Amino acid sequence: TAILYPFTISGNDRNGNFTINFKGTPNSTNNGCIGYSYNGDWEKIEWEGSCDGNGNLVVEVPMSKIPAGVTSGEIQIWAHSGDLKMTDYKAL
């Protein structure tokens, strides 16, 4: 089953990286997306990654991938070999 976390951002500020911290099973395989509505339609930026030996995975997507005017959307986990939860996100 997919796991969805809503996010909210400034509509205008596009400095730096959309940075998501995940926590889960050491060395697990994982993938998903960041998704949002734009011009009426849902668009998706995919991520994939393994948790390190400490159980940490940091996904960084450039804020410039998300068009301006977008204020919200969802962090989605599509598959996870072990445990995985989003601890937080931040534009950085």
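A residue's number is simply how far along the shown sequence it sits, counting from 1.
Between 20-28 and 68-76, the higher mean Cα B-factor belongs to 20-28. In the deposited entry, the Cα temperature factor of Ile3 places it in the lowest third of its chain's modelled residues.
For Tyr38, the recorded CA B-factor ranks within the highest third of the chain. Only modelled residues enter the ranking.
Per-chain ranking of the deposited C-alpha B factor places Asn15 in the lowest third.
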